[PDB]
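**Q** sequence below, structure please.
(chains A, B, C and D, ligands or ions: 12)
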Amino acid sequence: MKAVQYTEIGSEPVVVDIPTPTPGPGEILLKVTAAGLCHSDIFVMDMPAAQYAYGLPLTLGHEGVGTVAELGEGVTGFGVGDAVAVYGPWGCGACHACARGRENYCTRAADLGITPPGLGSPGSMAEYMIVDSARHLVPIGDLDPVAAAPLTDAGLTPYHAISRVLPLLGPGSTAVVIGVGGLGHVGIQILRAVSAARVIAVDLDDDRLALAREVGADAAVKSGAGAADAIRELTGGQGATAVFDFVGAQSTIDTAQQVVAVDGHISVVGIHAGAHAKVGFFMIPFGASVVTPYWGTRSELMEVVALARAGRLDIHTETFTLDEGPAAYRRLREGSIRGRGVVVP
Amino acid sequence: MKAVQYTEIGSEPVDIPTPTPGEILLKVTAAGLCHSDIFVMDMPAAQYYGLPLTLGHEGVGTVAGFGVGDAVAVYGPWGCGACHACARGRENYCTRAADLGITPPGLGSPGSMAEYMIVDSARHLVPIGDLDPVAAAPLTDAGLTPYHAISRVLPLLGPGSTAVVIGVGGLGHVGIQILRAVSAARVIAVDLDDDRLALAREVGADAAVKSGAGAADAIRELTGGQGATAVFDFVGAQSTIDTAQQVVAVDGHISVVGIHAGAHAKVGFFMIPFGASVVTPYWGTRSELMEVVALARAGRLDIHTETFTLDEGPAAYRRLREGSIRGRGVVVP
Amino acid sequence: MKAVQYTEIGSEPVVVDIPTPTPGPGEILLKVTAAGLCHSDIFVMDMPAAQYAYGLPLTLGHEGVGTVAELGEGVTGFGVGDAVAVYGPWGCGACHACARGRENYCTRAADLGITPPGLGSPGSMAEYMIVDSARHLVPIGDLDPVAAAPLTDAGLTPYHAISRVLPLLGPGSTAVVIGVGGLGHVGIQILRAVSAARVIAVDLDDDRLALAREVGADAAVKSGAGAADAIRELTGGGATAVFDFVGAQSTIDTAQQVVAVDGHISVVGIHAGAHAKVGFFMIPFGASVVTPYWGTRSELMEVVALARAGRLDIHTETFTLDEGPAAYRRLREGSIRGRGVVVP
Amino acid sequence: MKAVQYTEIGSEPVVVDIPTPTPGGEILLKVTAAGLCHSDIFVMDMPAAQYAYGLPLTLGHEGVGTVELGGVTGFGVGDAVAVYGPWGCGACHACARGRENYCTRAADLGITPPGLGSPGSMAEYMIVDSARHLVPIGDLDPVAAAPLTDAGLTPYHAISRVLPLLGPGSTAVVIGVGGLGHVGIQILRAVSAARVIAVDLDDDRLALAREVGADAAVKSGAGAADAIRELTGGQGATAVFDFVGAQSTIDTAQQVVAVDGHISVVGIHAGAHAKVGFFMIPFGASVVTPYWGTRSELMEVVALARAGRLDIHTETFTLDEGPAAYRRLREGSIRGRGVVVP
Ligand SMILES: NC(=O)c1ccc[n+]([C@@H]2O[C@H](COP(=O)([O-])OP(=O)(O)OC[C@H]3O[C@@H](n4cnc5c(N)ncnc54)[C@H](O)[C@@H]3O)[C@@H](O)[C@H]2O)c1
Ligand SMILES: NC(=O)c1ccc[n+]([C@@H]2O[C@H](COP(=O)([O-])OP(=O)(O)OC[C@H]3O[C@@H](n4cnc5c(N)ncnc54)[C@H](O)[C@@H]3O)[C@@H](O)[C@H]2O)c1
Ligand SMILES: NC(=O)c1ccc[n+]([C@@H]2O[C@H](COP(=O)([O-])OP(=O)(O)OC[C@H]3O[C@@H](n4cnc5c(N)ncnc54)[C@H](O)[C@@H]3O)[C@@H](O)[C@H]2O)c1
Ligand SMILES: NC(=O)c1ccc[n+]([C@@H]2O[C@H](COP(=O)([O-])OP(=O)(O)OC[C@H]3O[C@@H](n4cnc5c(N)ncnc54)[C@H](O)[C@@H]3O)[C@@H](O)[C@H]2O)c1
Ligand SMILES: [Zn+2]
Ligand SMILES: [Zn+2]
Ligand SMILES: [Zn+2]
Ligand SMILES: [Zn+2]
Ligand SMILES: [Zn+2]
Ligand SMILES: [Zn+2]
Ligand SMILES: [Zn+2]
Ligand SMILES: [Zn+2]
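**A** Residues are numbered from 1 along each chain as shown, chains lettered A, B, ... in the order given. Ligands and ions are numbered 1, 2, ... in the order given. Below is the structure:
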């Protein structure tokens, strides 16, 4: 069985040959149809030995879809060959958060060493993969696998981030999206679907701002030092109802604070080591909340899939063979994938 | 009338004419002194509203759709009344007030530490009935502000949740009571002073623990691993904020309510739990001030005052700075 | 001035000549640019004498848009010439509900004799009108007065009824809109602008079904006894929400027959004595039911914002003041394709 | 093992020796307590035509127990647990939020609750289908724990649905100070600042209501509507939770509710319905019939029980006393909940 795995700290990932797994009881085995590349995957492989805590080796890929190959003893509700998507942020299933589907915010996960596929558990970047538990499988009917893998993260996360504050984004509101990459271009679209918000996109790259318009953005602003003024220029004196920073570097967060509205929100979603928002009197408008959200909930994934199934999310992808796995990650690193990269086994 | 004023930046306070409507005018029955005034009066000429300035943003009074003689309370953060926020009574978050130059009484408009006062518009008065005005004055801010901050994340504080209250001061101690009125949350109080901790218990707290280095651990030892659903920090110093960050739960909330120039929560990955939101809330909303008055009228709020005469004004202030008033401080005309 | 008025119980409205009024202190006078005919008005004029409570004569029109012509003493906030829409459900201004802008749910209006323009207070079907207080005007800017007047009732009410349960209409949800006329056709577009909901519309009339399709419905089906099974056909076993802008027993019955578990019915349309039957074994578990009234201050602000954004496409027919009475007859007969709007 | 089943339509339940059951996936509990819900004195009144739950049926949908297992772990042997009644599919949109009481796939997949189409809790032992249907109760007294699964959960959910309305100044009306209603009163007080007015038919129930925190107490029947308005001023209750559900309690609820208020019809009277239409109910006042409660809502009730925020009035009975206990419930003589201890 072929797979892409991280094997040495600071080394590139490699194509490997390792056993097809079999499902224990309660487990499901998928024949992987599509596996998404997330930029988080990079942030991991950039960890130094001291910080890295995910086991070696690790089959990569926390964006995952496939078909049911083989059931472990006593699993019901699923038939061999039903098409499914994998809910990534696995949790204990039993705590107060888990009971509401919010397994991303599971209070027990850490203690019980429950880790997401691709992030401590064997990932989706192989021909087959195991899902621990049936409730982490979401039905996707005839949905194209290539366009669906991304929904599990590039979809789920922005959706979550938005769902946190969706009551604010009524008519008149303005939402700002910073970074039109994997999560970014999907962000915009989610915002058109479930809100009346005017959407303003922000990227460093001119072609990415075109992709932004392409997928629904009302206006498109060039990133950097002119950004905040251009945004206010667009929002009138008032500012942006919310800011979804899918970059999360210090400059984009600075821009976020410089633009957000009184009683608004900033979602620091993108990860830059040691970048923070500065929330104190005089540094931010009154009542403007700031959060770093994580992935997304059970019911939220089914909502994202519902969005795809309704033809409301036009996902941008590029396909790679398994052997082009390592190559796909040099491409995401250099920034040359216009959307999400996806590895079709 | 007499009217405790602030006429030279960096000093200490004081006899003005008596103003006229044509608008509403109230015989003041009480005036709260907020720590915010001490913040306003350590403001360099630069940073710093107008002088002369009649003090007091916490005001109740009696009128000197409203009966002459009505006992009423003054909604503080005035705004345009006409934006999206103001239409929802959320005038504390009004977008146009700055640009229209609309300032609260005792904060750019003539305040409550006079004997009579003007209130610009009829909507800024909340009927208090036969509630004792001394006890009511605080409601308007020491009640309003923490009520509003507790109102922003109320649905997270169902049974089994935990709320931490940092700074059992004028505001702190009303907040503790609020949490007990409107939630089933476990309340944990924190403070530097051992007498303030006792205050905390008297008004309902489920535990009160010493502020400092041992605070984070002591809090976690009562919450278990999870931490605290909501931290409301009424001190807002960097040390209190650091504590809050170290105890909050995943999917929790931090409300930075106290003001220390240059203190901030640092919100970013590794420095705060996932899903833990932070906000600096400001003052409160119209319907919120009614809700506060409703709690008082039901006997659900036991407000600790200490009365002052129109004259004892300036002395009343130095005691606040000194940390020597147990609860609020109220000036009566 | 020229105005249309209900002058005699059970008679038709007539065009009359009455003095142009003048703002009291606190008040605004408007030069009316547009006035909306609402079916509620017909309901009102159908009332028998005993029920009828709004005084005589009464100047019709509870949907109104104009420009500021005269400020009463003490009124700031507005400049003469400003374009404004009239918030209708006037309230006391001070009560717990009013302070949140929900003057439609004011608890003191009844007691105080505070009634809406055209529904106890002289309406907007005249050359000029009086609005009692400045908070009841909402700026419209350059918005076409003809497509703006319906926002005051025909937008505001659907917007509200939808607001009450919006967290229900996530991706995957379905909403039914029964009755694609004045409110109905606007209710469709709102659902599409502010929710991911799939939208099925329902009407007796085949032209109206097209209108629904034309303004965004994902589907459109014929009202009547066959209507439920066809809605169910579209959904599978049902409908997350039903907004019934007809509110007749037959439609309500359909409504209950198709609402999802933990869904909702908004009974918006008014048929005298028609009611939902909410009780065990007659409605799914969790399915809530409410008769909403009008909408809220911020709500109207928000509806106005939707128009300005170009997300609401309002279908209208224009009438002079004299065609007033003739336009009401057209409404009763059902020959207006959208909202009838009078331009003084 | 001994158990108390309904075996003959129209006939009182009976006590029987049947085999102790075995776990599949499943989990077996030594029932430490089994609550009696007036809902059963409904199911048994069902005519042979509408009754659809199978014969014979171990009665009892409020269970609390001690844990053998199924091949499924996460719970240890002898852990104390409460049982989530309204079983669902665990896979639909409602079930992913934990809202199994609103599971859509349950009637198709023919999934029924214990005591309600599946084997009950009124026995020495019981089967539980899946883990997620077990709630840790820790060291709580099982007699007081059992009513929480239903007499607790049902009112908590009914209240949860509209809690935001119930701020300081709000008024809540509880009709029917019985099993559900007297926990209803206490929940209202723990999680809100609403002023509680209880209504019942009999003085001793009105006593019970004050005993559990009711701000005020009303004699039910015609005079109620007026008596309630005398206490709300001419404004009426923000909320009315009707644990009785008869046309008259419902009627009363319409005549007292506030503009933009809520009526929750929780009691089951066969044919009784609210009449939601213009001129018959205030603008903006919502009605619903809610069903049981959610997984996270049961963790929330347990938490309330655990912090001494609830006092659950019960009378104990043994396995043999069961049948006679229902007669009690029917004639309405139990002060709170009847609970069974094997
Ligand atoms: N919060 C979560 O639960 C979670 C989940 C998934 C991803 N993430 C993080 O979100 C980030 C985005 O992920 P992705 O997979 O979409 O990466 P990506 O490579 O697809 O995104 C790159 C995009 O961001 C733009 N960009 C880079 N720097 C910018 C700048 N300073 N200003 C404006 N735009 C800039 C790029 O030009 C490009 O359009 C990553 O850091 C990832 O780790 C977090
Ligand atoms: N956010 C707003 O819109 C707004 C409105 C009003 C007041 N405030 C602010 O809230 C803060 C408190 O207000 P107050 O008037 O009740 O003050 P107060 O002086 O009456 O209360 C101070 C309390 O805090 C305690 N304290 C000081 N430092 C502490 C620390 N390190 N750890 C624990 N306890 C500590 C003191 O022992 C005392 O009990 C002030 O900074 C004030 O400006 C903010
Ligand atoms: N709830 C409120 O506060 C509020 C506010 C404004 C208007 N209304 C009421 O709402 C209702 C709608 O008013 P409008 O002005 O939009 O009416 P309208 O005359 O403009 O629209 C009538 C539409 O309903 C359709 N219709 C009639 N019977 C039908 C049936 N059995 N099935 C499907 N469609 C049917 C007609 O075909 C027509 O398209 C009226 O009853 C009006 O009085 C209520
Ligand atoms: N909605 C749900 O999912 C659900 C769940 C559980 C129970 N229930 C139903 O709720 C109801 C109450 O259950 P219970 O076991 O607590 O009943 P109970 O017998 O334990 O209590 C009944 C109480 O209501 C009082 N009462 C009777 N008629 C009255 C009236 N006219 N006005 C005021 N009070 C009156 C009685 O005196 C008694 O105090 C039942 O109908 C039951 O089936 C519904
Ligand atoms: Zn990722
Ligand atoms: Zn968990
Ligand atoms: Zn203050
Ligand atoms: Zn404003
Ligand atoms: Zn109307
Ligand atoms: Zn009012
Ligand atoms: Zn029951
Ligand atoms: Zn289900």
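**Q** what about the closest residue to ligand 11 within chain A, which SS state?
**A** Distances between chain A and ligand 11 by CB to the ion are smallest at residue A:99, namely 20.9 Å. All C-beta spots, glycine's among them, are computed from the backbone N, C-alpha and C. For residue A:99, the secondary-structure state derived from DSSP: H, G, I helix; E, B strand; the rest coil is helix.
**Q** looks like it contacts residue D:296 (just checking).
**A** Yes - under the criterion of CB atoms under 8 Å, residue A:99 makes contact with residue D:296 at 4.5 Å.
**Q** and for these two, which residues touch both?
**A** Counting by CB atoms under 8 Å, 6 or more residues apart in numbering or on different chains, the residues touching both residue A:99 and residue D:296 are residue D:98.
**Q** if you count what's nearby, which of these two comes out ahead?
**A** residue A:99 (24 against 20; other CB atoms under 10 Å in any protein chain shown).
**Q** need the contact list for that one.
**A** Applying CB under 8 Å, 6+ apart, the residues contacting residue A:99 are D:98, D:132, D:295, D:296, D:299.
**Q** if I look at it, how far off is ligand 5?
**A** For residue A:99, the distance to ligand 5 equals 25 Å [CB to the ion, to the nearest Å].
**Q** now do residue A:130
**A** 19 Å.
**Q** a helix runs through that residue, doesn't it?
**A** No - Residue A:130: not assigned to a helix; according to three-state DSSP it is strand.
**Q** would you agree it is in contact with residue A:27?
**A** Yes - using CB under 8 Å, residue A:130 is in contact with residue A:27, at 5.4 Å.
**Q** which residue packs closest to residue A:165, ignoring adjacent ones?
**A** Here the nearest residue to residue A:165 in space, its sequence neighbours aside, is residue A:265; by CB to CB, 6 or more residues apart in numbering or on different chains that works out to 4.6 Å.
**Q** what's in contact with the helix or strand hosting that neighbour?
**A** For residue A:265, the host element (DSSP states H and E) is strand A:260-268. By CB under 8 Å, 6+ apart, the residues outside strand A:260-268 that reach it are A:161-162, A:164-165, A:168, A:235, A:238-245, A:248, A:253, A:256-257, A:275-277, A:284-293, B:85, B:90, B:93, B:95, B:267-269.
**Q** that one pairs with which strands, parallel or anti?
**A** According to DSSP bridges, strand A:260-268 has the following sheet partners: strand A:240-245 (parallel), strand A:289-291 (parallel).
**Q** tell me if the helix or strand following that strand is near chain B.
**A** Using DSSP H and E, the helix or strand that follows strand A:260-268 in sequence is strand A:277-279. Yes - counting by CB under 8 Å from any CB of the partner chain, chain B has neighbours in strand A:277-279: A:277, A:278, A:279.
**Q** what bridges to the first one?
**A** According to DSSP bridges, residue B:267 are recorded as the beta-bridge partners of residue A:277.
**Q** ok, residue A:201 - contacts?
**A** A:176-178, A:180, A:184, A:188, A:209, A:212-213, A:217, A:219-221.
**Q** let's see it at 10 Å
**A** Counting by CB atoms under 10 Å, 6 or more residues apart in numbering or on different chains, residue A:201 touches A:175-180, A:184-185, A:187-188, A:208-213, A:215-221, A:223.
**Q** same check on residue A:328?
**A** So residue A:328 contacts A:4, A:13, A:35, A:37, A:125, A:318-322, A:337, A:341-343 (CB under 10 Å, 6+ apart).
**Q** switch to 6 Å and redo it
**A** A:37, A:320, A:341 (CB atoms under 6 Å, 6 or more residues apart in numbering or on different chains).
**Q** touching, the last one and residue A:37? I think so.
**A** If I follow you right, that is residue A:341. Yes - using CB atoms under 6 Å, residue A:341 is in contact with residue A:37, at 3.9 Å.
**Q** re earlier: the strand holding residue A:265 and ligand 8 in contact?
**A** No - applying CB under 5 Å from the ion, one finds strand A:260-268 separated from ligand 8 by no less than 10.1 Å.
**Q** for ligand 7, what is the nearest residue in chain A?
**A** Closest point on chain A to ligand 7, by CB to the ion, is residue A:281, at 12.6 Å.
**Q** domains in chain A, by residue range?
**A** A:1-157+A:295-345, A:158-294 (curated CATH domains).
**Q** go ahead and confirm residue A:138 touches residue A:85.
**A** Yes - counting by CB under 6 Å, residue A:85 is a contact partner of residue A:138 at 4.8 Å.
**Q** before we move on, the earlier item: between the strands paired with strand A:260-268, which gets nearest to ligand 10?
**A** Of all the strands paired with strand A:260-268, strand A:240-245 comes closest under CB to the ion, at 28.3 Å.
**Q** now the angle between helix A:250-259 and the closest one, please.
**A** Put simply, strand A:240-245 runs at 170 degrees to helix A:250-259, going by axes from the mean of the first three to the mean of the last three CA atoms, to 10 degrees.
**Q** so which residues make contact with strand A:240-245?
**A** Applying CB under 6 Å, 6+ apart, the contact partners of strand A:240-245 are A:161, A:165, A:168, A:173-178, A:187, A:252, A:256, A:259-261, A:264-268, A:270.
**Q** if you set the cut-off to 8 Å instead, what comes out?
**A** If you take CB under 8 Å, 6+ apart as the criterion, strand A:240-245 is touched by A:158, A:161-162, A:165, A:168-169, A:172-179, A:187, A:197, A:200, A:231, A:252-253, A:256, A:259-261, A:264-270.
**Q** what do you get for stretch A:338-345?
**A** A:2, A:4, A:31-37, A:61, A:63, A:125-127, A:145-146, A:149-150, A:154, A:181-182, A:185, A:207-208, A:211, A:315-322, A:324-325, A:328, A:331-332.
**Q** give me every residue in chain A lying close to ligand 4.
**A** For chain A, the contact set with ligand 4 under CB under 6 Å from any ligand atom is empty.
**Q** for the residue in chain A that ligand 9 sits nearest to, what are its contacts?
**A** Per CB to the ion, residue A:171 is where chain A lies closest to ligand 9, at 21.1 Å. Residues in contact with residue A:171 (CB under 8 Å, 6+ apart) are A:196, C:193, C:194, C:302, C:303, C:305, C:306, C:309, C:311.
**Q** which one of these sits closest to ligand 1?
**A** residue A:196 (24.9 Å; CB to the nearest ligand atom).
**Q** got the phi and psi for the closest one?
**A** The phi and psi torsions at residue A:196 (degrees, to the nearest 10) take the values phi -90, psi 10.
**Q** ok, back up a step: could you dump the contacts of residue A:99 to TSV with distance to ligand 2?
**A** Shown next, in TSV, are the contacts of residue A:99 (distance: CB to the nearest ligand atom, whole Å):
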residue	distance to ligand 2
D:98	36
D:132	42
D:295	37
D:296	32
D:299	32
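**Q** so which of these is the closest to chain C?
**A** Set against chain C, the nearest of the contacts of residue A:99 by CB to the nearest CB is residue D:98 (12.9 Å).
**Q** and the residue of the stretch 101-250 of chain A that's closest to ligand 3?
**A** Counting by CB to the nearest ligand atom, the stretch 101-250 of chain A gets nearest ligand 3 through residue A:171, at 19.7 Å.
**Q** how far away is that residue from ligand 12?
**A** Distance from residue A:171 to ligand 12, by CB to the ion: 34 Å.
**Q** next one: residue A:62
**A** 26 Å.
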